[PDB]
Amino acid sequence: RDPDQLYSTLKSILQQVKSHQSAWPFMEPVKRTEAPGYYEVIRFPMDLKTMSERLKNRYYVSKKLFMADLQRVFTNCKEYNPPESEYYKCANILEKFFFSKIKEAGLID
């Protein structure tokens, strides 16, 4: 299936991202109790557990929807955290990895 080809490609990419050594900050939703005013600043929170659910739920009917969510994970983090924080470092490392995988899968060419 053309839908099911997409699904496989996205699942492979998301799995690789989740397995990456720098994915650990992004594995679950930011906790309100740990991040003061995070949910006042960041309007569209996202994390890799929520993306896994969305994927299983057949939400990612296009590459664009998938890339927007995953990009939001990094840019939320970079907006909120200090530039030399461990979280910011992880976000940019993982983002580099993400762009290399989407290129390699021909999701952008």
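In this text, rigid core is short for the largest set of C-alphas that superpose within 1.5 Å between two forms. The numbering used is simple: start at 1 and walk along the sequence shown.
After a core fit, the C-alpha atoms in 6 other deposited structures of this protein lie farther on average from the shown form in one of 74 to 82 and 28 to 36, namely 28 to 36.
Superposing the other copies on the rigid core and comparing 56 to 64 to 38 to 46, farther C-alpha placement in 6 other deposited structures of this protein marks 38 to 46.
Here 48 to 56 and 27 to 35 are compared by their mean Cα B-factor, and 27 to 35 comes out higher. Higher mean CA temperature factor between 76 to 84 and 36 to 44: 36 to 44, per the PDB entry. For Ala68, the recorded CA temperature factor ranks within the lowest third of the chain's modelled residues.
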